[PDB]
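S.K.: so I've got this experimental structure, pasted below with the sequence.
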Amino acid sequence: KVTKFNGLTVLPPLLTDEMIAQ
Amino acid sequence: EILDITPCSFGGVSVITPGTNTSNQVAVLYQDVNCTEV
Amino acid sequence: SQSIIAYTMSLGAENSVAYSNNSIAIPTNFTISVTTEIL
Ligand SMILES: *[C@@H]1O[C@H](CO)[C@@H](O)[C@H](O)[C@H]1NC(C)=O
Ligand SMILES: *[C@@H]1O[C@H](CO)[C@@H](O)[C@H](O)[C@H]1NC(C)=O
Ligand SMILES: *[C@@H]1O[C@H](CO)[C@@H](O)[C@H](O)[C@H]1NC(C)=O
Ligand SMILES: *[C@@H]1O[C@H](CO)[C@@H](O)[C@H](O)[C@H]1NC(C)=O
């Protein structure tokens, strides 16, 4: 229910969604 | 014909290492890119 | 001998519980513990 090449990027979190679900 | 344009490999690289008096071994991580052209 | 290695981070030691509707775990011994919190 819920919804780049100019030097700005996004970093992935250390704790993935699977670890949070666990 | 249609051709998609994509910026090739670019992404903030980083380097991880322990303390100096522990060892001199070092590691390098190329982030958000596949280092196949390296 | 020692080298840099990589691995998936652990989410804690897995510990199952023997849950039942006719048993319960009760502490028979105890202890004191002093912890620090620096703010
Ligand atoms: C590096 O120095 C610190 C501070 O004296 C010490 O605690 C640590 O054990 C040293 N590292 C090694 C590998 O001996
Ligand atoms: C990244 O490159 C490796 C080869 O170094 C390849 O095996 C892998 O499939 C590539 N991954 C993606 C997502 O392209
Ligand atoms: C606990 O639940 C089981 C499952 O319905 C039941 O058979 C049993 O009588 C209950 N009580 C116990 C094990 O003391
Ligand atoms: C509980 O643990 C302590 C730990 O020092 C021990 O001395 C004691 O004998 C144990 N049992 C009881 C009933 O206190």
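M.R.: Everything's here; your move. Numbers count the residues shown, from 1 in each chain, chains lettered A, B, ... in the order given. Ligands and ions are numbered 1, 2, ... in the order given.

S.K.: rest of the way, CA atoms for contacts and neighbours
M.R.: Will do.

S.K.: what number of residues lie near residue 21?
M.R.: With no chain named, the answer covers chain A. Neighbour count for residue A:21, taken as other Cα atoms under 10 Å in any protein chain shown: 6.

S.K.: oops, I was thinking of chain B
M.R.: 6.

S.K.: got phi/psi on it?
M.R.: phi -80, psi 0 (degrees, to the nearest 10).

S.K.: ok, for residue B:27, nearest residue in space, not its chain neighbours?
M.R.: residue B:16 (5.3 Å; Cα to Cα, 6 or more residues apart in numbering or on different chains).

S.K.: gap between stretch C:4-20 and the chain center?
M.R.: 9 Å (Cα atoms, centre = their mean, to the nearest Å).

S.K.: what's the answer for stretch B:20-31, then?
M.R.: From the chain centre to the centre of stretch B:20-31 is a distance of 14 Å (Cα atoms, centre = their mean).

S.K.: please apply the same query to stretch B:8-22.
M.R.: That offset, for stretch B:8-22, works out to 8 Å (Cα atoms, centre = their mean).

S.K.: and if you look at stretch B:23-35?
M.R.: From the chain centre to the centre of stretch B:23-35 is a distance of 6 Å (Cα atoms, centre = their mean).
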